[PDB]
Structures are given as C-alpha cells and as structure tokens.
$ cat start-v5.cif   # mmCIF, N, CA and C atoms
data_data
#
loop_
_atom_site.group_PDB
_atom_site.id
_atom_site.type_symbol
_atom_site.label_atom_id
_atom_site.label_comp_id
_atom_site.auth_asym_id
_atom_site.auth_seq_id
_atom_site.Cartn_x
_atom_site.Cartn_y
_atom_site.Cartn_z
ATOM 1 N N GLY A 1 100.358 131.138 130.428
ATOM 2 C CA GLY A 1 100.978 130.146 129.442
ATOM 3 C C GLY A 1 102.004 130.623 128.471
ATOM 4 N N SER A 2 103.105 131.129 128.956
ATOM 5 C CA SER A 2 104.166 131.620 128.034
ATOM 6 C C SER A 2 103.557 132.608 127.035
ATOM 7 N N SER A 3 104.025 132.603 125.816
ATOM 8 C CA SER A 3 103.471 133.542 124.800
ATOM 9 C C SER A 3 101.949 133.390 124.740
ATOM 10 N N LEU A 4 101.322 134.008 123.777
ATOM 11 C CA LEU A 4 99.840 133.901 123.665
ATOM 12 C C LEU A 4 99.473 132.587 122.972
ATOM 13 N N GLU A 5 100.289 132.140 122.055
ATOM 14 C CA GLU A 5 99.982 130.866 121.345
ATOM 15 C C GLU A 5 98.597 130.966 120.698
ATOM 16 N N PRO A 6 98.591 131.177 119.408
ATOM 17 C CA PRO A 6 97.348 131.303 118.623
ATOM 18 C C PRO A 6 96.719 129.927 118.394
ATOM 19 N N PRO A 7 95.586 129.924 117.742
ATOM 20 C CA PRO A 7 94.852 128.684 117.437
ATOM 21 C C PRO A 7 95.536 127.929 116.300
ATOM 22 N N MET A 8 96.624 127.276 116.594
ATOM 23 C CA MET A 8 97.345 126.511 115.543
ATOM 24 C C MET A 8 97.017 125.027 115.692
ATOM 25 N N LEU A 9 96.956 124.311 114.606
ATOM 26 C CA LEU A 9 96.635 122.861 114.695
ATOM 27 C C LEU A 9 97.844 122.043 114.230
ATOM 28 N N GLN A 10 98.368 121.206 115.083
ATOM 29 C CA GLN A 10 99.542 120.374 114.698
ATOM 30 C C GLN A 10 99.171 118.896 114.830
ATOM 31 N N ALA A 11 100.044 118.013 114.434
ATOM 32 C CA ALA A 11 99.726 116.562 114.541
ATOM 33 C C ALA A 11 100.180 116.035 115.904
ATOM 34 N N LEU A 12 100.151 114.745 116.087
ATOM 35 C CA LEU A 12 100.576 114.167 117.393
ATOM 36 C C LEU A 12 101.822 113.303 117.190
ATOM 37 N N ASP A 13 102.714 113.298 118.143
ATOM 38 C CA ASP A 13 103.948 112.476 118.004
ATOM 39 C C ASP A 13 103.582 110.992 118.082
ATOM 40 N N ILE A 14 103.401 110.356 116.956
ATOM 41 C CA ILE A 14 103.041 108.911 116.968
ATOM 42 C C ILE A 14 104.256 108.078 116.556
ATOM 43 N N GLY A 15 104.161 106.781 116.662
ATOM 44 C CA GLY A 15 105.312 105.916 116.278
ATOM 45 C C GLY A 15 105.359 104.693 117.199
ATOM 46 N N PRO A 16 106.520 104.440 117.746
ATOM 47 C CA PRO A 16 106.736 103.304 118.659
ATOM 48 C C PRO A 16 106.196 103.632 120.054
ATOM 49 N N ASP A 17 105.544 104.754 120.200
ATOM 50 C CA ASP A 17 104.994 105.130 121.533
ATOM 51 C C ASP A 17 103.586 105.703 121.356
ATOM 52 N N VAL A 18 102.692 104.936 120.795
ATOM 53 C CA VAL A 18 101.302 105.434 120.594
ATOM 54 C C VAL A 18 100.361 104.717 121.562
ATOM 55 N N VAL A 19 100.759 104.583 122.798
ATOM 56 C CA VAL A 19 99.889 103.892 123.792
ATOM 57 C C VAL A 19 99.713 102.428 123.386
ATOM 58 N N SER A 20 98.740 102.141 122.565
ATOM 59 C CA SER A 20 98.522 100.731 122.135
ATOM 60 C C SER A 20 99.413 100.421 120.929
ATOM 61 N N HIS A 21 98.903 100.588 119.737
ATOM 62 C CA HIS A 21 99.727 100.304 118.527
ATOM 63 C C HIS A 21 98.810 100.113 117.318
ATOM 64 N N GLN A 22 97.896 101.021 117.101
ATOM 65 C CA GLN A 22 96.977 100.885 115.936
ATOM 66 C C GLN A 22 97.801 100.701 114.658
ATOM 67 N N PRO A 23 97.319 99.845 113.795
ATOM 68 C CA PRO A 23 97.986 99.543 112.517
ATOM 69 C C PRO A 23 97.722 100.652 111.493
ATOM 70 N N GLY A 24 96.869 101.586 111.814
ATOM 71 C CA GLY A 24 96.579 102.685 110.850
ATOM 72 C C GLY A 24 95.702 103.746 111.520
ATOM 73 N N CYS A 25 96.268 104.543 112.386
ATOM 74 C CA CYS A 25 95.461 105.597 113.064
ATOM 75 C C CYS A 25 96.297 106.873 113.199
ATOM 76 N N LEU A 26 95.667 108.015 113.126
ATOM 77 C CA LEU A 26 96.419 109.297 113.245
ATOM 78 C C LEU A 26 96.029 110.006 114.545
ATOM 79 N N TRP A 27 96.778 111.005 114.932
ATOM 80 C CA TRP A 27 96.453 111.747 116.184
ATOM 81 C C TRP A 27 96.735 113.236 115.969
ATOM 82 N N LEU A 28 95.746 114.070 116.139
ATOM 83 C CA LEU A 28 95.967 115.533 115.933
ATOM 84 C C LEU A 28 95.899 116.264 117.274
ATOM 85 N N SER A 29 95.878 117.569 117.241
ATOM 86 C CA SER A 29 95.812 118.351 118.509
ATOM 87 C C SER A 29 96.036 119.835 118.204
ATOM 88 N N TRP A 30 95.164 120.690 118.670
ATOM 89 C CA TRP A 30 95.335 122.147 118.399
ATOM 90 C C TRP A 30 94.966 122.955 119.643
ATOM 91 N N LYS A 31 94.986 124.257 119.541
ATOM 92 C CA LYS A 31 94.635 125.101 120.720
ATOM 93 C C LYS A 31 94.716 126.584 120.338
ATOM 94 N N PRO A 32 93.736 127.333 120.781
ATOM 95 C CA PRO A 32 93.641 128.782 120.508
ATOM 96 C C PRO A 32 94.592 129.577 121.411
ATOM 97 N N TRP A 33 94.366 130.858 121.537
ATOM 98 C CA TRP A 33 95.252 131.694 122.398
ATOM 99 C C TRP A 33 94.459 132.246 123.587
ATOM 100 N N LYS A 34 95.146 132.742 124.586
ATOM 101 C CA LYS A 34 94.452 133.305 125.785
ATOM 102 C C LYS A 34 93.304 132.384 126.217
ATOM 103 N N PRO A 35 92.824 132.603 127.415
ATOM 104 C CA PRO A 35 91.719 131.811 127.981
ATOM 105 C C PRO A 35 90.377 132.301 127.433
ATOM 106 N N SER A 36 90.410 133.022 126.350
ATOM 107 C CA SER A 36 89.150 133.539 125.741
ATOM 108 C C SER A 36 88.156 133.924 126.839
ATOM 109 N N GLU A 37 86.893 133.940 126.517
ATOM 110 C CA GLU A 37 85.865 134.301 127.532
ATOM 111 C C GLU A 37 84.728 133.280 127.474
ATOM 112 N N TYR A 38 83.711 133.556 126.705
ATOM 113 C CA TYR A 38 82.574 132.601 126.598
ATOM 114 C C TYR A 38 82.910 131.516 125.568
ATOM 115 N N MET A 39 82.035 131.271 124.629
ATOM 116 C CA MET A 39 82.317 130.227 123.605
ATOM 117 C C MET A 39 81.103 130.076 122.685
ATOM 118 N N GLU A 40 80.776 128.870 122.304
ATOM 119 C CA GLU A 40 79.605 128.663 121.409
ATOM 120 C C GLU A 40 79.945 129.159 120.003
ATOM 121 N N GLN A 41 81.016 128.675 119.438
ATOM 122 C CA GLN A 41 81.402 129.113 118.068
ATOM 123 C C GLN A 41 81.345 127.914 117.122
ATOM 124 N N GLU A 42 82.165 126.928 117.370
ATOM 125 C CA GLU A 42 82.191 125.702 116.512
ATOM 126 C C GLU A 42 83.515 125.642 115.758
ATOM 127 N N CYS A 43 84.135 124.498 115.734
ATOM 128 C CA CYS A 43 85.428 124.367 115.011
ATOM 129 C C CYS A 43 85.455 123.039 114.259
ATOM 130 N N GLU A 44 85.663 123.086 112.975
ATOM 131 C CA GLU A 44 85.703 121.830 112.181
ATOM 132 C C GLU A 44 87.138 121.575 111.723
ATOM 133 N N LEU A 45 87.501 120.338 111.542
ATOM 134 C CA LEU A 45 88.888 120.033 111.100
ATOM 135 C C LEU A 45 88.862 119.527 109.658
ATOM 136 N N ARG A 46 89.763 119.994 108.842
ATOM 137 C CA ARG A 46 89.792 119.543 107.423
ATOM 138 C C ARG A 46 91.018 118.659 107.197
ATOM 139 N N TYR A 47 90.918 117.699 106.320
ATOM 140 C CA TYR A 47 92.083 116.809 106.060
ATOM 141 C C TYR A 47 91.875 116.066 104.739
ATOM 142 N N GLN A 48 92.721 116.308 103.776
ATOM 143 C CA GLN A 48 92.579 115.619 102.463
ATOM 144 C C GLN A 48 93.833 114.784 102.195
ATOM 145 N N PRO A 49 93.646 113.688 101.512
ATOM 146 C CA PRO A 49 94.747 112.774 101.169
ATOM 147 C C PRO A 49 95.562 113.340 100.003
ATOM 148 N N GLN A 50 96.695 113.921 100.290
ATOM 149 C CA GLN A 50 97.533 114.499 99.203
ATOM 150 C C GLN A 50 98.104 113.374 98.338
ATOM 151 N N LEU A 51 97.614 113.237 97.137
ATOM 152 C CA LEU A 51 98.122 112.167 96.233
ATOM 153 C C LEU A 51 97.751 112.515 94.788
ATOM 154 N N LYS A 52 97.665 111.539 93.928
ATOM 155 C CA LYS A 52 97.304 111.829 92.512
ATOM 156 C C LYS A 52 96.102 112.776 92.481
ATOM 157 N N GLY A 53 95.132 112.541 93.323
ATOM 158 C CA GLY A 53 93.933 113.425 93.351
ATOM 159 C C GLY A 53 93.392 113.495 94.781
ATOM 160 N N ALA A 54 92.138 113.818 94.940
ATOM 161 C CA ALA A 54 91.559 113.899 96.312
ATOM 162 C C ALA A 54 90.236 114.667 96.270
ATOM 163 N N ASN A 55 89.403 114.482 97.258
ATOM 164 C CA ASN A 55 88.097 115.201 97.279
ATOM 165 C C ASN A 55 88.025 116.090 98.521
ATOM 166 N N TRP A 56 89.055 116.090 99.324
ATOM 167 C CA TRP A 56 89.048 116.936 100.551
ATOM 168 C C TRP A 56 87.932 116.473 101.490
ATOM 169 N N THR A 57 88.279 116.049 102.674
ATOM 170 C CA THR A 57 87.238 115.588 103.637
ATOM 171 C C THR A 57 87.143 116.584 104.795
ATOM 172 N N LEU A 58 85.983 116.729 105.375
ATOM 173 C CA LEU A 58 85.832 117.687 106.507
ATOM 174 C C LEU A 58 85.299 116.952 107.739
ATOM 175 N N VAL A 59 85.304 117.602 108.870
ATOM 176 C CA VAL A 59 84.799 116.951 110.112
ATOM 177 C C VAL A 59 84.184 118.015 111.023
ATOM 178 N N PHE A 60 83.006 117.768 111.529
ATOM 179 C CA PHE A 60 82.358 118.770 112.421
ATOM 180 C C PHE A 60 82.319 118.232 113.853
ATOM 181 N N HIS A 61 81.555 118.854 114.709
ATOM 182 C CA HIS A 61 81.473 118.380 116.119
ATOM 183 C C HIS A 61 82.848 118.505 116.780
ATOM 184 N N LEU A 62 83.706 119.323 116.235
ATOM 185 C CA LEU A 62 85.061 119.489 116.834
ATOM 186 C C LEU A 62 85.059 120.707 117.763
ATOM 187 N N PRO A 63 85.702 120.557 118.891
ATOM 188 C CA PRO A 63 85.799 121.625 119.901
ATOM 189 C C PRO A 63 86.849 122.662 119.488
ATOM 190 N N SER A 64 86.770 123.847 120.030
ATOM 191 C CA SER A 64 87.763 124.898 119.670
ATOM 192 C C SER A 64 89.169 124.416 120.034
ATOM 193 N N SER A 65 89.270 123.504 120.961
ATOM 194 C CA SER A 65 90.612 122.993 121.361
ATOM 195 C C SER A 65 90.527 121.485 121.608
ATOM 196 N N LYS A 66 91.307 120.713 120.902
ATOM 197 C CA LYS A 66 91.269 119.237 121.096
ATOM 198 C C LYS A 66 92.519 118.787 121.855
ATOM 199 N N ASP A 67 92.386 117.800 122.698
ATOM 200 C CA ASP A 67 93.564 117.313 123.469
ATOM 201 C C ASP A 67 94.349 116.309 122.623
ATOM 202 N N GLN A 68 93.682 115.333 122.071
ATOM 203 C CA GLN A 68 94.394 114.325 121.236
ATOM 204 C C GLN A 68 93.455 113.805 120.144
ATOM 205 N N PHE A 69 93.214 114.593 119.132
ATOM 206 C CA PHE A 69 92.316 114.138 118.035
ATOM 207 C C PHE A 69 92.697 112.711 117.643
ATOM 208 N N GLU A 70 91.744 111.913 117.255
ATOM 209 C CA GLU A 70 92.070 110.515 116.866
ATOM 210 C C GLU A 70 91.368 110.165 115.553
ATOM 211 N N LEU A 71 92.115 110.024 114.494
ATOM 212 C CA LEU A 71 91.499 109.677 113.183
ATOM 213 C C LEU A 71 91.886 108.243 112.816
ATOM 214 N N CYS A 72 91.280 107.690 111.804
ATOM 215 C CA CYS A 72 91.624 106.295 111.408
ATOM 216 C C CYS A 72 90.964 105.970 110.068
ATOM 217 N N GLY A 73 91.725 105.483 109.127
ATOM 218 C CA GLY A 73 91.145 105.146 107.797
ATOM 219 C C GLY A 73 91.676 106.124 106.749
ATOM 220 N N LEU A 74 92.856 106.645 106.955
ATOM 221 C CA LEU A 74 93.429 107.605 105.971
ATOM 222 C C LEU A 74 94.309 106.847 104.976
ATOM 223 N N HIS A 75 94.046 105.585 104.784
ATOM 224 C CA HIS A 75 94.867 104.789 103.827
ATOM 225 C C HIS A 75 94.428 105.106 102.396
ATOM 226 N N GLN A 76 95.205 105.873 101.682
ATOM 227 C CA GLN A 76 94.827 106.215 100.282
ATOM 228 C C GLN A 76 95.893 107.124 99.668
ATOM 229 N N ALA A 77 96.450 108.012 100.446
ATOM 230 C CA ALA A 77 97.490 108.929 99.900
ATOM 231 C C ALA A 77 98.797 108.746 100.672
ATOM 232 N N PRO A 78 99.876 109.116 100.034
ATOM 233 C CA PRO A 78 101.221 109.025 100.626
ATOM 234 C C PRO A 78 101.431 110.174 101.616
ATOM 235 N N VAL A 79 100.947 111.342 101.289
ATOM 236 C CA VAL A 79 101.103 112.500 102.211
ATOM 237 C C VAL A 79 99.714 113.057 102.536
ATOM 238 N N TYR A 80 99.441 113.315 103.785
ATOM 239 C CA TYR A 80 98.097 113.844 104.152
ATOM 240 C C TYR A 80 98.205 115.306 104.590
ATOM 241 N N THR A 81 97.253 116.110 104.205
ATOM 242 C CA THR A 81 97.277 117.548 104.596
ATOM 243 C C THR A 81 96.147 117.807 105.595
ATOM 244 N N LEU A 82 96.226 118.873 106.348
ATOM 245 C CA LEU A 82 95.146 119.155 107.336
ATOM 246 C C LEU A 82 95.090 120.652 107.648
ATOM 247 N N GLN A 83 93.906 121.188 107.769
ATOM 248 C CA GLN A 83 93.760 122.638 108.081
ATOM 249 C C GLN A 83 92.836 122.797 109.292
ATOM 250 N N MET A 84 92.440 124.002 109.600
ATOM 251 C CA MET A 84 91.538 124.210 110.769
ATOM 252 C C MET A 84 90.636 125.420 110.515
ATOM 253 N N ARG A 85 89.432 125.391 111.020
ATOM 254 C CA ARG A 85 88.507 126.542 110.803
ATOM 255 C C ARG A 85 87.544 126.666 111.987
ATOM 256 N N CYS A 86 86.999 127.834 112.196
ATOM 257 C CA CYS A 86 86.045 128.028 113.325
ATOM 258 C C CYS A 86 84.989 129.056 112.920
ATOM 259 N N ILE A 87 83.933 129.180 113.679
ATOM 260 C CA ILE A 87 82.878 130.167 113.316
ATOM 261 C C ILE A 87 82.047 130.521 114.557
ATOM 262 N N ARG A 88 80.761 130.706 114.407
ATOM 263 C CA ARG A 88 79.918 131.066 115.582
ATOM 264 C C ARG A 88 78.943 129.926 115.884
ATOM 265 N N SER A 89 78.210 130.028 116.959
ATOM 266 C CA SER A 89 77.250 128.945 117.314
ATOM 267 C C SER A 89 75.934 129.130 116.553
ATOM 268 N N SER A 90 75.305 130.267 116.689
ATOM 269 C CA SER A 90 74.013 130.485 115.978
ATOM 270 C C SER A 90 74.083 131.766 115.144
ATOM 271 N N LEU A 91 75.087 131.900 114.325
ATOM 272 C CA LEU A 91 75.201 133.124 113.481
ATOM 273 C C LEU A 91 76.399 132.984 112.538
ATOM 274 N N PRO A 92 76.317 132.005 111.675
ATOM 275 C CA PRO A 92 77.374 131.718 110.689
ATOM 276 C C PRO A 92 77.291 132.695 109.513
ATOM 277 N N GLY A 93 78.140 132.535 108.533
ATOM 278 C CA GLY A 93 78.104 133.454 107.360
ATOM 279 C C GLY A 93 79.531 133.776 106.911
ATOM 280 N N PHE A 94 80.483 133.675 107.797
ATOM 281 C CA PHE A 94 81.891 133.982 107.415
ATOM 282 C C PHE A 94 82.753 132.726 107.563
ATOM 283 N N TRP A 95 82.690 132.080 108.695
ATOM 284 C CA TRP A 95 83.509 130.850 108.901
ATOM 285 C C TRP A 95 84.995 131.216 108.884
ATOM 286 N N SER A 96 85.305 132.484 108.889
ATOM 287 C CA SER A 96 86.736 132.902 108.876
ATOM 288 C C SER A 96 87.462 132.212 107.717
ATOM 289 N N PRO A 97 88.682 132.620 107.500
ATOM 290 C CA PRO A 97 89.529 132.068 106.429
ATOM 291 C C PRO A 97 90.101 130.711 106.848
ATOM 292 N N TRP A 98 89.999 129.724 106.001
ATOM 293 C CA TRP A 98 90.540 128.382 106.353
ATOM 294 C C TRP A 98 91.970 128.534 106.876
ATOM 295 N N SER A 99 92.137 128.588 108.169
ATOM 296 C CA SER A 99 93.505 128.738 108.738
ATOM 297 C C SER A 99 94.422 127.667 108.142
ATOM 298 N N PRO A 100 95.666 128.026 107.968
ATOM 299 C CA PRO A 100 96.683 127.124 107.407
ATOM 300 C C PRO A 100 97.159 126.131 108.472
ATOM 301 N N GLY A 101 97.010 124.860 108.219
ATOM 302 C CA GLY A 101 97.453 123.846 109.218
ATOM 303 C C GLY A 101 98.853 123.350 108.854
ATOM 304 N N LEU A 102 98.951 122.161 108.327
ATOM 305 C CA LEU A 102 100.288 121.621 107.951
ATOM 306 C C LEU A 102 100.109 120.336 107.139
ATOM 307 N N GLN A 103 101.187 119.671 106.822
ATOM 308 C CA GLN A 103 101.081 118.411 106.033
ATOM 309 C C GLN A 103 102.221 117.469 106.427
ATOM 310 N N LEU A 104 101.926 116.212 106.618
ATOM 311 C CA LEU A 104 102.992 115.247 107.007
ATOM 312 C C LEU A 104 102.634 113.853 106.492
ATOM 313 N N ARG A 105 103.355 112.855 106.918
ATOM 314 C CA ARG A 105 103.057 111.468 106.460
ATOM 315 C C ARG A 105 102.474 110.669 107.629
ATOM 316 N N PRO A 106 101.231 110.288 107.489
ATOM 317 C CA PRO A 106 100.516 109.519 108.522
ATOM 318 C C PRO A 106 100.933 108.047 108.490
ATOM 319 N N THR A 107 100.117 107.184 109.034
ATOM 320 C CA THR A 107 100.455 105.732 109.045
ATOM 321 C C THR A 107 101.083 105.336 107.707
ATOM 322 N N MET A 108 101.948 104.359 107.715
ATOM 323 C CA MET A 108 102.597 103.926 106.444
ATOM 324 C C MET A 108 101.746 102.844 105.779
ATOM 325 N N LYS A 109 100.772 102.328 106.478
ATOM 326 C CA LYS A 109 99.908 101.270 105.883
ATOM 327 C C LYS A 109 98.651 101.911 105.291
#

$ encode --input "start-v5.cif" --output "structure tokens"
Amino acid sequence: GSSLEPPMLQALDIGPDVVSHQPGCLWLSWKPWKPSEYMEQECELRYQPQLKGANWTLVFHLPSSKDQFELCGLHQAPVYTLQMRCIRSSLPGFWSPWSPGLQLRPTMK
C-alpha cells in the first residue's frame, strides 16, 4: 500500500454526494499502518463541539480501522474537532497519547 500510512483519522467527503442526503450526519474514517499482526487492542474516537464551550464526547466499540464512520446529532457548535486513541484488549493502563486528529465544519444545520 504505497507508503506505510500511520493510524491517522480524517473525515469523509460529504456534501451533494452523501449517498442519501441526511439533514445532519457526519462521516469519519481512519486506518493504521502496515498489515499489523494480531489485534485485540481497542480504539475509541473522540469528538467535541468546538464553540463557546464543550464537554468533549467520547465513543467506544470502535475498531482499529473504520471504513466510513457515521455520526449524527452534532448540532451545537460551529466547528467540530475529533481525535483518535487506541490501547490493549485485556491490559490497559496507558491508552497511548491522544493522537492528534483534525477539525472541520460538519453539517450546517
């Protein structure tokens, strides 16, 4: 697969071509590097509504690599931020450093 491509998390190209046409839904997508080996680690996605304030929301049950994350209900802030994190299956304690994701403008409604 070309370069190694690390575990970076980016958003999804939404707009006038989002399959159906949700009035307020987001789409994410990330992927690690190399074909790794085994697994059983766990990856959660973080996303807070960048605005006057915020409480930062998290999400579990996320796979180390998502094809087309699908969120909905982010109506509250003008700009939304999102990060990524991973750890182990039965031996947590570090959770690694909250990898830096990115920030953009989700649905306008």

$ resolve_selection --input "start-v5.cif" --expression "the PyMOL selection byres ((chain A and resi 63) around 7)" --output "PyMOL selection string"
chain A and resi 42-44+60-62+64-66

$ resolve_selection --input "start-v5.cif" --expression "the PyMOL selection byres ((chain A and resi 40) around 6.5)" --output "PDB file with N, CA and C atoms, in the coordinates of the input"
ATOM      1  N   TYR A  38      83.711 133.556 126.705  1.00  0.00           N
ATOM      2  CA  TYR A  38      82.574 132.601 126.598  1.00  0.00           C
ATOM      3  C   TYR A  38      82.910 131.516 125.568  1.00  0.00           C
ATOM      4  N   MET A  39      82.035 131.271 124.629  1.00  0.00           N
ATOM      5  CA  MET A  39      82.317 130.227 123.605  1.00  0.00           C
ATOM      6  C   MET A  39      81.103 130.076 122.685  1.00  0.00           C
ATOM      7  N   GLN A  41      81.016 128.675 119.438  1.00  0.00           N
ATOM      8  CA  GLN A  41      81.402 129.113 118.068  1.00  0.00           C
ATOM      9  C   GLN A  41      81.345 127.914 117.122  1.00  0.00           C
ATOM     10  N   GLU A  42      82.165 126.928 117.370  1.00  0.00           N
ATOM     11  CA  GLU A  42      82.191 125.702 116.512  1.00  0.00           C
ATOM     12  C   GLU A  42      83.515 125.642 115.758  1.00  0.00           C
ATOM     13  N   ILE A  87      83.933 129.180 113.679  1.00  0.00           N
ATOM     14  CA  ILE A  87      82.878 130.167 113.316  1.00  0.00           C
ATOM     15  C   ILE A  87      82.047 130.521 114.557  1.00  0.00           C
ATOM     16  N   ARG A  88      80.761 130.706 114.407  1.00  0.00           N
ATOM     17  CA  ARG A  88      79.918 131.066 115.582  1.00  0.00           C
ATOM     18  C   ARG A  88      78.943 129.926 115.884  1.00  0.00           C
ATOM     19  N   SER A  89      78.210 130.028 116.959  1.00  0.00           N
ATOM     20  CA  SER A  89      77.250 128.945 117.314  1.00  0.00           C
ATOM     21  C   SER A  89      75.934 129.130 116.553  1.00  0.00           C
ATOM     22  N   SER A  90      75.305 130.267 116.689  1.00  0.00           N
ATOM     23  CA  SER A  90      74.013 130.485 115.978  1.00  0.00           C
ATOM     24  C   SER A  90      74.083 131.766 115.144  1.00  0.00           C
TER      25      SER A  90
END

$ residues_near_point --input "start-v5.cif" --point "(99.6, 112.8, 116.8)" --cutoff "6.5 Å" --atoms "all atoms listed in the file" --output "VMD selection string"
chain A and resid 10 to 14 26 to 29

$ resolve_selection --input "start-v5.cif" --expression "the PyMOL selection byres (((chain A and resi 32-36 and name CA) around 6) and name CA)" --output "PyMOL selection string"
chain A and resi 4-7+31+37

$ closest_residue --input "start-v5.cif" --among "A:76, A:103, A:68, A:96" --to "residue A:18" --atoms "only C-alpha atoms"
A:68

$ residues_near_point --input "start-v5.cif" --point "(98.8, 103.1, 109.4)" --cutoff "8 Å" --atoms "only C-alpha atoms" --output "list in words"
residues 22, 23, 24, 25, 26, 74, 75, 106, 107, 108 and 109 of chain A

$ residues_around --input "start-v5.cif" --residues "residue A:58" --least-positions-apart "6" --cutoff "7 Å" --atoms "only C-alpha atoms" --output "MDAnalysis selection string"
chainID A and resid 45:47

$ write_last_selection --input "start-v5.cif" --atoms "N, CA and C atoms" --output "compact mmCIF listing (two decimals), keeping the file's coordinate frame"
# COMPACT_ATOMS: atom_id res chain seq x y z
N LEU A 45 87.50 120.34 111.54
CA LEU A 45 88.89 120.03 111.10
C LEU A 45 88.86 119.53 109.66
N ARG A 46 89.76 119.99 108.84
CA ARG A 46 89.79 119.54 107.42
C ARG A 46 91.02 118.66 107.20
N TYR A 47 90.92 117.70 106.32
CA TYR A 47 92.08 116.81 106.06
C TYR A 47 91.88 116.07 104.74
